[PDB]
Amino acid sequence: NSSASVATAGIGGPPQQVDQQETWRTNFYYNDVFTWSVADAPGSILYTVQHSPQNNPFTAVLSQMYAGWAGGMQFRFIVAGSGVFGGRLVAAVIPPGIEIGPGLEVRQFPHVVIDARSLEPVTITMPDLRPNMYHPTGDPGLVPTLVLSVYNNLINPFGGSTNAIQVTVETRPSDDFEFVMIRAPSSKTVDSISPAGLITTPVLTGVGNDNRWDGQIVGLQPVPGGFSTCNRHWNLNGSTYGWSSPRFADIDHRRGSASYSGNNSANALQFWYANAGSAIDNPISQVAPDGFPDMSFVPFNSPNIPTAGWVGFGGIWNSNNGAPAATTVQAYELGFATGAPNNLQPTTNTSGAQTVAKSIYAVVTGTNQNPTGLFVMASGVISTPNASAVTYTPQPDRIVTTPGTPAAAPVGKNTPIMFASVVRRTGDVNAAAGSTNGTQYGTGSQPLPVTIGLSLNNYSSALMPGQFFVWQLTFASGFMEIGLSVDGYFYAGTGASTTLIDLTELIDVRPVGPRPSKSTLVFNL
Amino acid sequence: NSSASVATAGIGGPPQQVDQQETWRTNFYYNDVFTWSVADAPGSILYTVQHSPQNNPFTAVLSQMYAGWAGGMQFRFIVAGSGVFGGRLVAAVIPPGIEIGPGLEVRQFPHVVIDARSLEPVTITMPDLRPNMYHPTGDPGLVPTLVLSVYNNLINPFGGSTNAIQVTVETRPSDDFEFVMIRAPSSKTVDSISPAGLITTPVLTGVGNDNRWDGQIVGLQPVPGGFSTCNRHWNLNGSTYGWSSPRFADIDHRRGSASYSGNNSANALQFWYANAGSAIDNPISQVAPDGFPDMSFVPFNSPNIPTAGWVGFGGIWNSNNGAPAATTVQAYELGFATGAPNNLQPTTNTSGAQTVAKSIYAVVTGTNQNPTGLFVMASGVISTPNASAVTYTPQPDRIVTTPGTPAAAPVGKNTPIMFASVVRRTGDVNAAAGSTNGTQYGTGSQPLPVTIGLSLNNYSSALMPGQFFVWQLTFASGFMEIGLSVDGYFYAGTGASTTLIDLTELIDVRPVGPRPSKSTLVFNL
Amino acid sequence: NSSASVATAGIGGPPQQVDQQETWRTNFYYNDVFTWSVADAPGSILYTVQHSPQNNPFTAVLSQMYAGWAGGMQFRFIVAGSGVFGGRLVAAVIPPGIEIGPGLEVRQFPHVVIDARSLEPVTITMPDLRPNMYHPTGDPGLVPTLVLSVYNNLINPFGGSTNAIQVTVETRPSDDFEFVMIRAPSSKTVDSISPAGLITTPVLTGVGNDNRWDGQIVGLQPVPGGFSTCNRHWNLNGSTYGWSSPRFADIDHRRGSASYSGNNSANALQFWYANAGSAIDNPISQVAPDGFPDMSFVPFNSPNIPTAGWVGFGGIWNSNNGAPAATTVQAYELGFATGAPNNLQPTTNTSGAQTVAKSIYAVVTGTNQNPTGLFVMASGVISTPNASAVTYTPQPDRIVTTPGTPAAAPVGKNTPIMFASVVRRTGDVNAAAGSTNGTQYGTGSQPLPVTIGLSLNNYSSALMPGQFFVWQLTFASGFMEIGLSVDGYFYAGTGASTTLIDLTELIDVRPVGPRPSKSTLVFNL
């Protein structure tokens, strides 16, 4: 690999200003560590990095201080384990012009080998292979990448009882490394925007809540079979495929049709429905009124209760009138459906759907009119039998989504998870119940604070489509990793387990950074 | 001019560190030739080319092996003369970022004159005008342009038809030219050039098919009125505006209404329809289902057959059970229409339309159902009564388009072309034609391996919106040029022509690389 | 051994007159790796390769540019060890014309030992054994072989499952290696290697389709009983024994007899047949018409449907007039049979057979005519009653073959494979299945771009009848090898397996070049 690049790092002028500083470059300090197991395949990539000053601790804080950089940086690797262990690793410096993934053939680029038995550390100096121009802390332009790959797999002769060893990574800047465009310290560009700050501990401990139910988040729920979600959900492209803005507020739809069933004008069950694409007061999407639940309706016939329906309180409002008609005000079961008045069927897709309401108990005096509005409150309560507390609501089938929505499915051994929260439940009027309030797990895709920050800031040039942004969770007994995708869905490396993970013994959350999607999030509980 | 700069290029070049290949390249190799006539006016530009590793053919093969390039290229010019013809051309090396087109004069540039009376070739070195920045082979950036323009008019002493001579160009890399970043010439796909591979000899010869009727390409059809195409179309930005898959696939639509009109349940024409924009089971877009024809319907009255209709074979398919109805199996006209079920009228706008199907002959027993599905085969036949019929189908007026689709209209003397194929026609019981095939012409806007390849790999930033990518088609006798826009339309230089070009006597196809879109593409057949 | 011959090669080499490329090739590049276990017996041959410009990847790219080659190649071997395992391998440079296979011993050859306890790589030069005759790049002739065989058995001190280690090979061209006859690296097609291009990553990924049902390839199916295929099949000799075109094309047969059996002219099953070997309007061979299925008929009785029948949609077409009959339009079973019109029995021999068609449902009015034509579409559907049905179709017993067609039967542990795809099934009015696709498996013997490419360019004398051309298929987790015989069958190394291999998690495909056919192809998935 090149070495004349240093003369080119060498060129200065008006970026230097006064009084440049070598800073500390002398010794090697801990950047990172990686694990190598007998499990891992030849041609698998254990460690990768683009050349940057964010590869020492000292040059990452100086990055705020300086606006531009140039030159080489040295990477030192220490294999720890034993001299009795077979296997070999390959470290190679790759020039820019590349897309890294399944076709990027590490063992056919100029490279050096690292042997597992090495007692002493092995060093590489990584130069600049495009040294002609200063990089800012904006776009650097395309830079060389350092990749370490397994050439032949780790062997223990004493069997499978011990099966992994670690390799340390240490760095120091080289001689040719320099900085420029100092200015004075402040915050700047792409550096200040990262998905990291969305998730944090106080939100999961007790400050945060879900985006479907406004509940307190008690758990993490794995969903092996996948799911799809859009309403009040957001991505790292800054937009939503939903019809709700990211806050809880009343459901107002001005044009629907209203009727009642029982052939009696007083003491009857109220019905309201409308087709999708008439939400004239909603800017987000005219498909349904903001605040309307993303679930398919649940059939009930009087006096029988809906088994795990969404219920909210409200009543019927005509457009000419300043406030709703009181006689109509009652609890309603709400959902998305097709086939109103009396051929009702649930719908999982918004295209050709109908937004439907029916009162769970009798209204004082009904109303027959068309068109006329529906006015129902911000968050809902769960309708379900008396002492019911089985699994969670909605199940993946129950969630309604648009045809623009991308679905959440497993990637590798990484499984999508939903955030589980405590919801109010009711067993139908009076009687008895399993407890004082009863147990009930309502689930959402996201914590509402993450949803507000995806809507607030655009993170497209801040997490790549192949990556997850990763944080690690610490529990009193055990720890795990959790990931957020660019499509807004959250993942865990739990595989096919369904067990509820308890956030109530949560000590901590902290970022691990960007990781590629296929590679498994840690689960040790 | 800039021939001192040999030593100042030699600071920008050397950080890379690589060998010089001199011994192979003693001789110059053929690049192109152009024609010079008595009617080519002074100020006109006959020939232009950008600096690129693709100018010498052997350097193009070597470009594959390397990820960067730099240094100059020599150009050598031969005038074919006579010695009795007067006139001159001017050769200038144009700076980077100076727009090329007919507005461009050589007037105030450094230049050499190329003389009509010359008998000796005249050799210019084209130096590197970017040398501080090494160029990538697969993302190069901005380069200079070599331009040749007519200073003085070609004049002949005598009469006759004889009015033209040719000027040949051959090239050789200079002693400053260099390849660097060998790495692994291992597993990159588009090292080979992405745009250039779209058209090839055996593909235009007999391997290729067209992307709308699946026929064999016999010819090229100019459309001097211009035209528009959205479906099964891709482009050099990777984007599309269609609904149908990149390959040909069968029609399955689960959600329609079926009915018939008449005085009886039997020996009637079956009708089925569903709305446009409702196909939520199509991954590409909801405009219609996959396999659905992008040409407007043909109204007809029982018992008569539609002409220049798209007909396909299929039947009514039960949505609840998932299974066909045999009695319904018949040939059907499938099309886009508006005014369903019974006020039907034709449109070319998808929005607010209905995708409609009607049988071309009597079904034994019809069915009235809602909902019911439609299941029809992939392949399509043109409906035409006995012998002599319509010139080519679809005509540009028949084609439907969806918002976002740009239309292709002539530029200068370049006119947009469609690809013509021989297609199967059926129409009217025991009909016949004047020929055995019954010579019926189906047209597509692209060849299908091109539609598939432009959907499989990226092509962005390779061709400039002012330029066309050019290939030269070579016949046993004569040649012509064909061009590709950024948009993914093909163009040819026949001007106000409607005449069909016969591709039967094709020997070869070669890439000519980008050329300005106002440059006429030559026609000598 | 033969390392004196440096100066005697230098008379045979020099008449050509060319430069030496040294500066690019400082380092060695990855060629392959193989596995060494406690169960690989002494005398066994683990790895073999012929001298060829295709061993180093960058030399392969350069081979394109040149029409001849000569000189040696260095080979470098790394044992992955541990230091507690005993055993040895022997490395010999084998003379030209000495047959390779398991009968081959290293016993009396010059050799080096490669040691289990080795920690340092061991490097052999493979000299040119042909130097008086310069080799062609695109017709090379006879070369020597490098062979590695087990001298002493791998032994472990301890128990556990741990029983294997790997040995890597990397190569570098020698200082004697040379390229000559640059000419024009211009316009030769198969400069690139003809055999190697047949299988590619995006082709096995999602661009390829199979050559009998036109479906998407999901898997590989081993057939440990062996099988035979003639139609739409080509080979590495360019020869075929089929009737149908290299692409999928519609059935048109002008000369048949049509009849029905029953008690009435209406609501009957139409039957049509013509003899095999009579299709004089088919350019390829008169065995049947173009588009006709190469699987034996399925007898059925009215009113029941055939199972695992080939069904296609079409009708009776008037031979005198050249035009269809609408009333006859229906779904038909098309097949090869013997015993027509009414003693019909199935066969797999074409000679003395009849190509037969029978409708699967009632036609409104039937026709009795002689002669009358048959006109049916290209695409085909599998006939199956409701849900659970046959494992794959065609089964090897159903396939018809014509004289001259060789059958593919296992060799050693390599077994012949068919390519599996998901195909459309229809059968029995308003039927259904357990899944929405109704998971029906269609099989082809080759991928269709391979059938088309093996018909488009020549391939003779590239692969030796004892060897198989090998490609390596690489997955996200594990890898396997696939092989191609001279005959144009594909093979895999699953032995007595019938289990279907799922190609869903494929990352990559790379050519491994020829290997002896008795060599097992590896399976680690």
# chains A, B, ... in the order shown; residues from 1 in each chain; ligands from 1
call {"tool": "calpha_fit_rmsd", "arguments": {"fixed": "chain B", "moving": "chain A"}}
result
2.7 Å
call {"tool": "closest_atom_pairs", "arguments": {"of": "chain C", "to": "chain B", "cutoff": "6 Å", "atoms": "only C-alpha atoms", "output": "JSON lines"}}
result
{"residue": "C:58", "atom": "CA", "partner": "B:185", "partner_atom": "CA", "distance": 5.7}
{"residue": "C:185", "atom": "CA", "partner": "B:58", "partner_atom": "CA", "distance": 5.7}
{"residue": "C:321", "atom": "CA", "partner": "B:432", "partner_atom": "CA", "distance": 5.8}
{"residue": "C:322", "atom": "CA", "partner": "B:432", "partner_atom": "CA", "distance": 5.3}
{"residue": "C:323", "atom": "CA", "partner": "B:430", "partner_atom": "CA", "distance": 3.9}
{"residue": "C:324", "atom": "CA", "partner": "B:430", "partner_atom": "CA", "distance": 5.1}
{"residue": "C:325", "atom": "CA", "partner": "B:429", "partner_atom": "CA", "distance": 5.5}
{"residue": "C:429", "atom": "CA", "partner": "B:325", "partner_atom": "CA", "distance": 5.5}
{"residue": "C:430", "atom": "CA", "partner": "B:323", "partner_atom": "CA", "distance": 3.9}
{"residue": "C:431", "atom": "CA", "partner": "B:323", "partner_atom": "CA", "distance": 4.6}
{"residue": "C:432", "atom": "CA", "partner": "B:322", "partner_atom": "CA", "distance": 5.3}
call {"tool": "write_last_selection", "arguments": {"atoms": "N, CA and C atoms", "output": "PDB file, in the first residue's frame"}}
result
ATOM      1  N   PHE C  58      -6.724 -11.513 -11.982  1.00  0.00           N
ATOM      2  CA  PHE C  58      -6.278 -10.315 -12.666  1.00  0.00           C
ATOM      3  C   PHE C  58      -5.717 -10.827 -13.987  1.00  0.00           C
ATOM      4  N   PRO C 185      -8.189  -6.204 -29.062  1.00  0.00           N
ATOM      5  CA  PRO C 185      -9.030  -6.771 -27.974  1.00  0.00           C
ATOM      6  C   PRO C 185     -10.512  -6.257 -28.022  1.00  0.00           C
ATOM      7  N   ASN C 321     -59.245 -22.208 -44.701  1.00  0.00           N
ATOM      8  CA  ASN C 321     -59.477 -20.791 -44.584  1.00  0.00           C
ATOM      9  C   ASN C 321     -58.327 -20.028 -43.809  1.00  0.00           C
ATOM     10  N   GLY C 322     -57.586 -20.771 -42.880  1.00  0.00           N
ATOM     11  CA  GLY C 322     -56.595 -20.158 -41.979  1.00  0.00           C
ATOM     12  C   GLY C 322     -57.153 -19.502 -40.773  1.00  0.00           C
ATOM     13  N   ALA C 323     -58.291 -19.902 -40.283  1.00  0.00           N
ATOM     14  CA  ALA C 323     -58.971 -19.183 -39.182  1.00  0.00           C
ATOM     15  C   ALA C 323     -59.696 -20.058 -38.066  1.00  0.00           C
ATOM     16  N   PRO C 324     -59.631 -19.568 -36.843  1.00  0.00           N
ATOM     17  CA  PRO C 324     -60.207 -20.297 -35.672  1.00  0.00           C
ATOM     18  C   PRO C 324     -61.668 -20.588 -35.767  1.00  0.00           C
ATOM     19  N   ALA C 325     -62.056 -21.457 -34.799  1.00  0.00           N
ATOM     20  CA  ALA C 325     -63.472 -21.662 -34.479  1.00  0.00           C
ATOM     21  C   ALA C 325     -63.751 -21.322 -33.089  1.00  0.00           C
ATOM     22  N   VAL C 429     -63.710 -27.392 -11.543  1.00  0.00           N
ATOM     23  CA  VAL C 429     -64.478 -26.151 -11.392  1.00  0.00           C
ATOM     24  C   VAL C 429     -64.659 -25.583  -9.975  1.00  0.00           C
ATOM     25  N   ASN C 430     -64.203 -24.330  -9.676  1.00  0.00           N
ATOM     26  CA  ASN C 430     -64.221 -23.703  -8.354  1.00  0.00           C
ATOM     27  C   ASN C 430     -63.489 -24.570  -7.352  1.00  0.00           C
ATOM     28  N   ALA C 431     -62.345 -25.173  -7.749  1.00  0.00           N
ATOM     29  CA  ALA C 431     -61.489 -25.770  -6.791  1.00  0.00           C
ATOM     30  C   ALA C 431     -60.683 -24.769  -5.945  1.00  0.00           C
ATOM     31  N   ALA C 432     -59.977 -25.363  -4.949  1.00  0.00           N
ATOM     32  CA  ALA C 432     -59.129 -24.610  -4.105  1.00  0.00           C
ATOM     33  C   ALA C 432     -57.873 -25.375  -3.551  1.00  0.00           C
TER      34      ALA C 432
END
call {"tool": "atom_distance", "arguments": {"atom1": "atom CA of residue C:501", "atom2": "atom CA of residue C:220"}}
result
5.0 Å
call {"tool": "residues_around", "arguments": {"residues": "residue A:252", "least_positions_apart": "3", "cutoff": "7 Å", "atoms": "only C-alpha atoms", "output": "PDB file with N, CA and C atoms, in the first residue's frame"}}
result
ATOM      1  N   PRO A 289     -59.892   9.861   9.396  1.00  0.00           N
ATOM      2  CA  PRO A 289     -59.717  11.032  10.273  1.00  0.00           C
ATOM      3  C   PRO A 289     -58.561  10.759  11.251  1.00  0.00           C
ATOM      4  N   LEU A 374     -68.847  12.280  13.032  1.00  0.00           N
ATOM      5  CA  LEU A 374     -68.455  11.497  14.144  1.00  0.00           C
ATOM      6  C   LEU A 374     -67.471  12.177  14.984  1.00  0.00           C
ATOM      7  N   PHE A 375     -67.630  12.326  16.310  1.00  0.00           N
ATOM      8  CA  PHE A 375     -66.671  13.060  17.200  1.00  0.00           C
ATOM      9  C   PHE A 375     -66.364  12.142  18.415  1.00  0.00           C
ATOM     10  N   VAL A 376     -65.116  11.601  18.446  1.00  0.00           N
ATOM     11  CA  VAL A 376     -64.733  10.578  19.475  1.00  0.00           C
ATOM     12  C   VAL A 376     -63.323  10.935  20.007  1.00  0.00           C
TER      13      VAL A 376
END
call {"tool": "atom_distance", "arguments": {"atom1": "atom CA of residue A:84", "atom2": "atom CA of residue C:122"}}
result
20.6 Å
call {"tool": "atom_distance", "arguments": {"atom1": "atom CA of residue A:332", "atom2": "atom CA of residue A:356"}}
result
9.5 Å
call {"tool": "closest_residue", "arguments": {"among": "B:294, B:333, B:170, B:210", "to": "residue B:30", "atoms": "only C-alpha atoms"}}
result
B:170
call {"tool": "residues_around", "arguments": {"residues": "stretch 138-153 of chain B", "least_positions_apart": "5", "cutoff": "7 Å", "atoms": "only C-alpha atoms", "output": "count of residues only"}}
result
25
